[PDB]
file final32.cif (mmCIF, C-alpha atoms and all ligand atoms)
data_data
loop_
_atom_site.label_atom_id
_atom_site.label_comp_id
_atom_site.auth_asym_id
_atom_site.auth_seq_id
_atom_site.Cartn_x
_atom_site.Cartn_y
_atom_site.Cartn_z
CA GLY A 16 4.75 21.04 4.09
CA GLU A 17 5.10 18.10 6.48
CA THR A 18 8.00 15.99 5.26
CA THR A 19 8.40 13.83 8.42
CA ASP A 20 8.79 10.09 7.66
CA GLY A 21 5.65 8.06 8.43
CA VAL A 22 2.30 6.92 7.10
CA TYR A 23 -0.20 9.52 5.76
CA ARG A 24 -3.83 9.58 4.67
CA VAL A 25 -4.55 10.87 1.15
CA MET A 26 -7.66 13.11 1.26
CA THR A 27 -9.88 14.94 -1.29
CA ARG A 28 -12.47 17.76 -0.89
CA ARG A 29 -13.85 17.25 -4.47
CA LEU A 30 -16.53 14.79 -3.33
CA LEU A 31 -19.00 15.11 -0.34
CA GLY A 32 -17.16 16.44 2.78
CA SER A 33 -13.52 15.33 3.15
CA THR A 34 -13.15 11.76 1.84
CA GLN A 35 -10.08 9.53 2.31
CA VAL A 36 -9.14 8.06 -1.12
CA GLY A 37 -6.03 6.24 0.12
CA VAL A 38 -2.79 6.18 2.10
CA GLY A 39 0.97 6.52 1.52
CA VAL A 40 4.50 6.40 2.96
CA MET A 41 6.82 9.37 3.34
CA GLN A 42 10.45 8.10 3.43
CA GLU A 43 13.71 9.96 2.66
CA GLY A 44 11.71 13.01 1.40
CA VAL A 45 9.66 10.95 -1.11
CA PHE A 46 5.90 10.20 -0.87
CA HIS A 47 4.98 6.71 -2.08
CA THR A 48 1.41 5.57 -2.88
CA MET A 49 -0.59 3.42 -5.34
CA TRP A 50 -1.42 4.87 -8.80
CA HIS A 51 -5.17 4.15 -8.47
CA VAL A 52 -5.31 6.45 -5.31
CA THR A 53 -4.13 9.73 -6.98
CA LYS A 54 -4.29 8.85 -10.74
CA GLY A 55 -0.92 10.69 -10.90
CA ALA A 56 -2.36 14.04 -9.72
CA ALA A 57 -0.34 16.63 -7.67
CA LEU A 58 -0.74 16.57 -3.89
CA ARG A 59 -0.88 19.25 -1.21
CA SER A 60 0.93 19.05 2.19
CA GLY A 61 -0.15 22.09 4.24
CA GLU A 62 0.84 25.04 2.02
CA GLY A 63 3.42 22.94 0.05
CA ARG A 64 3.01 21.09 -3.25
CA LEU A 65 4.15 17.50 -4.04
CA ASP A 66 4.64 16.79 -7.74
CA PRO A 67 4.72 13.28 -9.20
CA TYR A 68 8.21 12.09 -10.11
CA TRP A 69 7.73 8.46 -11.26
CA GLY A 70 4.71 6.24 -11.86
CA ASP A 71 3.52 3.09 -13.64
CA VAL A 72 -0.13 2.03 -14.12
CA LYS A 73 0.78 -1.68 -14.50
CA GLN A 74 2.77 -1.84 -11.22
CA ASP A 75 -0.01 0.46 -9.79
CA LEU A 76 2.60 2.65 -8.02
CA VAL A 77 3.62 6.37 -7.97
CA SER A 78 6.33 8.40 -6.12
CA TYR A 79 6.35 12.21 -5.45
CA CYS A 80 9.40 14.61 -5.04
CA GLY A 81 11.90 11.90 -5.99
CA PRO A 82 12.49 8.33 -7.12
CA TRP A 83 10.91 5.24 -5.44
CA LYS A 84 12.95 4.62 -2.18
CA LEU A 85 11.31 1.45 -0.74
CA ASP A 86 13.35 -1.72 -1.55
CA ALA A 87 12.82 -4.21 1.30
CA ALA A 88 11.27 -7.52 0.25
CA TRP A 89 9.12 -10.16 2.05
CA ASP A 90 11.53 -13.04 2.88
CA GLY A 91 8.94 -15.68 1.80
CA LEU A 92 8.71 -17.26 5.30
CA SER A 93 8.02 -14.75 8.09
CA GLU A 94 4.86 -13.11 9.35
CA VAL A 95 4.48 -9.39 8.40
CA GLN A 96 2.32 -6.49 9.61
CA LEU A 97 -0.22 -4.49 7.61
CA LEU A 98 -0.16 -0.97 9.10
CA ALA A 99 -3.79 -0.33 8.15
CA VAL A 100 -5.01 3.29 8.06
CA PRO A 101 -8.81 3.02 7.41
CA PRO A 102 -10.96 6.08 6.60
CA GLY A 103 -11.94 7.97 9.79
CA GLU A 104 -10.21 5.36 11.97
CA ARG A 105 -6.88 5.24 13.85
CA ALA A 106 -3.77 3.54 12.32
CA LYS A 107 -3.61 -0.09 13.55
CA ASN A 108 -1.01 -2.88 13.00
CA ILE A 109 -2.34 -6.32 11.92
CA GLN A 110 0.03 -9.31 11.93
CA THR A 111 -0.45 -12.04 9.28
CA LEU A 112 1.38 -14.77 7.36
CA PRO A 113 1.18 -13.82 3.69
CA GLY A 114 -0.15 -16.19 1.06
CA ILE A 115 1.21 -16.23 -2.56
CA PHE A 116 0.07 -14.84 -5.96
CA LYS A 117 1.59 -17.22 -8.58
CA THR A 118 1.99 -15.49 -11.98
CA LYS A 119 3.51 -16.44 -15.36
CA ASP A 120 6.31 -13.92 -14.48
CA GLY A 121 7.03 -15.23 -10.96
CA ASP A 122 5.52 -15.30 -7.47
CA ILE A 123 4.42 -12.38 -5.25
CA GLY A 124 3.48 -12.29 -1.54
CA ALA A 125 -0.20 -11.58 -0.79
CA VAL A 126 -2.11 -10.53 2.35
CA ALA A 127 -5.66 -11.78 2.94
CA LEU A 128 -7.08 -8.84 4.89
CA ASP A 129 -10.22 -6.89 3.91
CA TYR A 130 -10.40 -3.13 4.46
CA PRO A 131 -12.38 -0.23 2.85
CA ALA A 132 -11.09 1.00 -0.61
CA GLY A 133 -9.65 4.20 0.97
CA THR A 134 -7.14 2.01 2.92
CA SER A 135 -5.18 1.43 -0.42
CA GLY A 136 -1.55 2.50 -0.06
CA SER A 137 -1.25 1.31 3.59
CA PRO A 138 2.28 -0.14 4.13
CA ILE A 139 3.15 -3.78 4.81
CA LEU A 140 6.24 -4.10 7.11
CA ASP A 141 8.86 -6.70 8.14
CA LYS A 142 10.11 -7.22 11.80
CA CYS A 143 12.74 -4.47 11.27
CA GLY A 144 9.98 -1.89 10.50
CA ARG A 145 10.97 -1.75 6.80
CA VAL A 146 8.25 -1.28 4.17
CA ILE A 147 8.17 -4.39 1.97
CA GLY A 148 5.25 -3.13 -0.14
CA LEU A 149 1.86 -1.39 -0.26
CA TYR A 150 -1.63 -2.83 0.26
CA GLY A 151 -4.55 -2.28 -2.09
CA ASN A 152 -4.16 -3.97 -5.50
CA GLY A 153 -5.45 -7.51 -5.56
CA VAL A 154 -8.37 -9.80 -6.24
CA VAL A 155 -11.72 -11.11 -4.86
CA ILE A 156 -11.75 -14.91 -4.37
CA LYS A 157 -14.72 -17.45 -4.41
CA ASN A 158 -15.95 -16.66 -0.79
CA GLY A 159 -16.13 -12.94 -1.75
CA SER A 160 -13.09 -12.09 0.42
CA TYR A 161 -10.28 -9.70 -0.61
CA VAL A 162 -6.64 -10.74 -1.13
CA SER A 163 -4.09 -7.93 -1.89
CA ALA A 164 -0.68 -8.33 -3.50
CA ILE A 165 2.28 -7.09 -1.46
CA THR A 166 3.19 -4.48 -4.20
CA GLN A 167 6.80 -3.23 -4.09
CA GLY A 168 8.62 -0.84 -6.51
CA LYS A 169 12.23 -0.88 -7.72
CA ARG A 170 14.80 1.39 -6.06
CA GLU A 171 16.99 2.60 -9.02
CA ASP B 50 -6.67 19.34 -4.88
CA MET B 51 -5.76 16.18 -2.94
CA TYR B 52 -3.95 16.64 0.39
CA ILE B 53 -2.07 14.45 2.90
CA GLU B 54 -2.38 14.26 6.71
CA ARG B 55 0.06 12.36 9.01
CA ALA B 56 -1.48 9.12 10.46
CA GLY B 57 1.48 7.63 12.40
CA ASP B 58 4.96 6.13 12.59
CA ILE B 59 5.93 3.04 10.63
CA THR B 60 7.11 0.55 13.29
CA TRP B 61 6.51 -3.14 14.06
CA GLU B 62 4.09 -3.49 17.04
CA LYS B 63 4.78 -6.37 19.48
CA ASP B 64 1.43 -7.95 20.51
CA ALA B 65 -0.44 -6.75 17.42
CA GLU B 66 -3.70 -8.62 16.63
CA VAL B 67 -2.83 -11.73 14.51
CA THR B 68 -5.35 -12.68 11.75
CA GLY B 69 -5.92 -13.58 8.05
CA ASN B 70 -5.16 -16.74 6.11
CA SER B 71 -2.37 -17.50 3.48
CA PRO B 72 -4.01 -18.64 0.19
CA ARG B 73 -1.91 -19.73 -2.79
CA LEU B 74 -3.58 -18.41 -5.96
CA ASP B 75 -2.83 -18.58 -9.72
CA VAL B 76 -3.32 -14.97 -10.93
CA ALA B 77 -2.86 -12.88 -14.12
CA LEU B 78 -1.89 -9.18 -14.26
CA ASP B 79 -3.19 -7.19 -17.27
CA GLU B 80 -1.71 -4.01 -18.88
CA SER B 81 -4.14 -1.84 -16.84
CA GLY B 82 -2.68 -3.12 -13.51
CA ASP B 83 -5.73 -5.30 -12.73
CA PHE B 84 -5.20 -8.73 -11.14
CA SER B 85 -7.58 -11.59 -12.04
CA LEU B 86 -7.90 -15.28 -10.97
CA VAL B 87 -6.63 -17.92 -13.42
CA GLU B 88 -8.59 -21.20 -13.47
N1 LIG C 1 -12.33 -4.78 0.10
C1 LIG C 1 -12.84 -3.68 -0.72
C2 LIG C 1 -12.00 -3.45 -2.00
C3 LIG C 1 -10.60 -2.93 -1.70
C4 LIG C 1 -9.82 -2.39 -2.72
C5 LIG C 1 -8.55 -1.94 -2.43
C6 LIG C 1 -8.07 -2.05 -1.14
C7 LIG C 1 -8.90 -2.60 -0.18
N2 LIG C 1 -10.14 -3.05 -0.45
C8 LIG C 1 -12.79 -2.45 -2.87
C9 LIG C 1 -12.88 -3.09 -4.26
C10 LIG C 1 -12.94 -4.51 -4.00
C11 LIG C 1 -11.99 -4.75 -2.84
#
call {"tool": "encode", "arguments": {"input": "final32.cif", "output": "structure tokens"}}
result
Amino acid sequence: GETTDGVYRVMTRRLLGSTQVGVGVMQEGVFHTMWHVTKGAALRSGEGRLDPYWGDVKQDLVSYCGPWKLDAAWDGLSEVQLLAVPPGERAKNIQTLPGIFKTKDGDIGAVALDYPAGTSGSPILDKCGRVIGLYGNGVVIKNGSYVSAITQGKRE
Amino acid sequence: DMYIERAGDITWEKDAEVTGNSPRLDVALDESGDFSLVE
């Protein structure tokens, strides 16, 4: 299958037509997405098969073919880019200054950008092009707008 | 069977559209991975 580094759409033929359920990042031979996109199921890449390797429902992350490889972090000061890949639409970079999610276990960066559900798994990047996390697990605030955490895994 | 399709390179784009605000929110994360607002 296609193992080239880059951003990919995650598709299913189980529903009506071909529906985009999410997005992911192929880096160093490992496919990275959010758990709620695949529910831990196997994936197809052309005629090849990608098997889950690691996953955690609470972090809402999953890696295929190998361990989680993404370890860059938001520096807490700079603007970032959401490389949004919406269903049926071309990949587009959106620059923003992240807000913060304050939790009892520490603070997390957050991006206030609203996209369709099938955009979950789109990468958030720093100025060096490094993936600092994935978009798609967050909350809906008073004004009905969406705010996603910048969700990053641990590179063992 | 879910399948993947390439959508692009992962690179910073100079002159990308700049938008979105930066809210500071108190949140809670449950065992199911769901975030909720704390008030
Ligand atoms: N803005 C639509 C929603 C979403 C979920 C994940 C990623 C992006 N958008 C669908 C559920 C409520 C928020």
call {"tool": "interface_residues", "arguments": {"input": "final32.cif", "of": "chain A", "to": "chain B", "cutoff": "6 Å", "atoms": "only C-alpha atoms", "output": "PyMOL selection string"}}
result
chain A and resi 21-27+58-60+72-73+75+108-111+113-118+127-128+142+144+153-154
call {"tool": "residues_near_ligand", "arguments": {"input": "final32.cif", "ligand": "ligand LIG 1 (chain C)", "cutoff": "8 Å", "atoms": "all atoms listed in the file", "output": "ChimeraX atom specification"}}
result
/A:129-135,150-155,160-161,163
call {"tool": "atom_distance", "arguments": {"input": "final32.cif", "atom1": "CA of residue 168 in chain A", "atom2": "CA of residue 56 in chain A"}}
result
18.8 Å
call {"tool": "axis_aligned_box", "arguments": {"input": "final32.cif", "around": "range 66-73 of chain B", "padding_each_side": "4 Å", "output": "lines of an AutoDock Vina configuration file"}}
result
center_x = -3.9
center_y = -14.2
center_z = 6.9
size_x = 12.0
size_y = 19.1
size_z = 27.4
call {"tool": "atom_distance", "arguments": {"input": "final32.cif", "atom1": "CA of residue 54 in chain A", "atom2": "CA of residue 101 in chain A"}}
result
19.6 Å
call {"tool": "atom_distance", "arguments": {"input": "final32.cif", "atom1": "CA of residue 68 in chain A", "atom2": "CA of residue 47 in chain A"}}
result
10.2 Å
call {"tool": "residues_around", "arguments": {"input": "final32.cif", "residues": "residue 20 in chain A", "least_positions_apart": "5", "cutoff": "8 Å", "atoms": "only C-alpha atoms", "output": "ChimeraX atom specification"}}
result
/A:40-44 /B:58
call {"tool": "residues_around", "arguments": {"input": "final32.cif", "residues": "range 86-88 of chain A", "least_positions_apart": "6", "cutoff": "9 Å", "atoms": "only C-alpha atoms", "output": "PyMOL selection string"}}
result
chain A and resi 140-141+145-148+167-170
call {"tool": "build_atoms", "arguments": {"input": "final32.cif", "residues": "range 61-82 of chain B", "atoms": "N, CA and C atoms", "output": "CSV table (one decimal), in the frame of the given file"}}
result
chain,number,residue,atom,x,y,z
B,61,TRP,N,7.1,-1.8,13.8
B,61,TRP,CA,6.5,-3.1,14.1
B,61,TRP,C,5.9,-3.0,15.5
B,62,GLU,N,4.7,-3.5,15.7
B,62,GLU,CA,4.1,-3.5,17.0
B,62,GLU,C,4.1,-4.9,17.7
B,63,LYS,N,4.8,-5.1,18.8
B,63,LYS,CA,4.8,-6.4,19.5
B,63,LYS,C,3.4,-6.5,20.1
B,64,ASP,N,2.8,-7.7,20.0
B,64,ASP,CA,1.4,-8.0,20.5
B,64,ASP,C,0.4,-7.3,19.7
B,65,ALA,N,0.6,-7.2,18.3
B,65,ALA,CA,-0.4,-6.8,17.4
B,65,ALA,C,-1.4,-7.9,17.3
B,66,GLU,N,-2.7,-7.6,16.9
B,66,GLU,CA,-3.7,-8.6,16.6
B,66,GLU,C,-3.3,-9.5,15.4
B,67,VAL,N,-3.3,-10.8,15.6
B,67,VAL,CA,-2.8,-11.7,14.5
B,67,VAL,C,-4.0,-12.4,13.8
B,68,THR,N,-4.2,-12.1,12.5
B,68,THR,CA,-5.4,-12.7,11.8
B,68,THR,C,-5.1,-12.8,10.2
B,69,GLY,N,-6.0,-13.4,9.5
B,69,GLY,CA,-5.9,-13.6,8.0
B,69,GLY,C,-5.3,-14.9,7.7
B,70,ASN,N,-5.7,-15.5,6.6
B,70,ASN,CA,-5.2,-16.7,6.1
B,70,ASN,C,-4.0,-16.5,5.1
B,71,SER,N,-3.5,-17.6,4.4
B,71,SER,CA,-2.4,-17.5,3.5
B,71,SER,C,-2.7,-18.3,2.2
B,72,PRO,N,-3.6,-17.9,1.4
B,72,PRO,CA,-4.0,-18.6,0.2
B,72,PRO,C,-3.0,-18.6,-0.9
B,73,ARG,N,-2.8,-19.7,-1.7
B,73,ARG,CA,-1.9,-19.7,-2.8
B,73,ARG,C,-2.8,-19.7,-4.0
B,74,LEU,N,-2.7,-18.6,-4.8
B,74,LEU,CA,-3.6,-18.4,-6.0
B,74,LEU,C,-2.9,-18.2,-7.3
B,75,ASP,N,-3.4,-18.8,-8.4
B,75,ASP,CA,-2.8,-18.6,-9.7
B,75,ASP,C,-3.5,-17.3,-10.2
B,76,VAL,N,-2.7,-16.2,-10.5
B,76,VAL,CA,-3.3,-15.0,-10.9
B,76,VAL,C,-2.7,-14.4,-12.2
B,77,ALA,N,-3.4,-13.5,-12.9
B,77,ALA,CA,-2.9,-12.9,-14.1
B,77,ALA,C,-2.9,-11.4,-13.9
B,78,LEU,N,-1.9,-10.6,-14.4
B,78,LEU,CA,-1.9,-9.2,-14.3
B,78,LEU,C,-2.0,-8.6,-15.7
B,79,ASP,N,-3.1,-7.8,-15.9
B,79,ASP,CA,-3.2,-7.2,-17.3
B,79,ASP,C,-2.4,-5.8,-17.4
B,80,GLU,N,-2.4,-5.3,-18.6
B,80,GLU,CA,-1.7,-4.0,-18.9
B,80,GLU,C,-2.3,-2.8,-18.1
B,81,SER,N,-3.5,-2.9,-17.6
B,81,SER,CA,-4.1,-1.8,-16.8
B,81,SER,C,-3.8,-1.9,-15.3
B,82,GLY,N,-3.0,-2.9,-14.9
B,82,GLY,CA,-2.7,-3.1,-13.5
B,82,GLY,C,-3.7,-3.9,-12.7
